[PDB]
Amino acid sequence: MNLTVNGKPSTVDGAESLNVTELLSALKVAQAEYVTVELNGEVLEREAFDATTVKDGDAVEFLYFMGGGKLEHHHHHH
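No gaps in the numbering here: position 21 of the sequence shown is 21 in the deposited numbering, and each next residue is one more.
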């Protein structure tokens, strides 16, 4: 189904109806409880991801905000 992601006229091969939650998993966000995204401009609330089902011919805007300038620890152990 066709989805304009952040101005990108792209399409996810097939995909039989996906809600905003499934769009978050499709694009794969790590902070599922802190993710901030909108669709066609309208921003989703912490609990609006599930109920809002998305379909062909829509626009999901996925923000990559925040990050960090120092995360060096590395899970190395012998």
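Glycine included, C-beta positions come from ideal geometry on N, C-alpha and C.
Supposed close pair residue i, residue j - CB separation, criterion 8 Å
i, j, result
"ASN19", "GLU61", "Going by Cβ atoms, the distance from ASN19 to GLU61 rounds to 15 Å, so no, they are not a contact pair."
"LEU24", "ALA15", "14 Å between Cβ atoms; not a contact."
Cβ neighbours of residue i in the same chain (closer than 7 Å, five flanking residues each side left out)
i, result
"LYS55", "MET1, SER17"
"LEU27", "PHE62"
"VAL29", "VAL35"
"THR53", "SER17, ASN19"
Buried or exposed by the 16-neighbour rule on C-beta atoms within 10 Å, applied to residue i
i, result
"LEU71", "exposed"
Reference residue i; option with closest CA among the options
i, options, result
"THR4", "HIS74, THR21, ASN40", "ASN40"
"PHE65", "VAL12, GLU38, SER10", "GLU38"
"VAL12", "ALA59, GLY67, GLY69", "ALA59"
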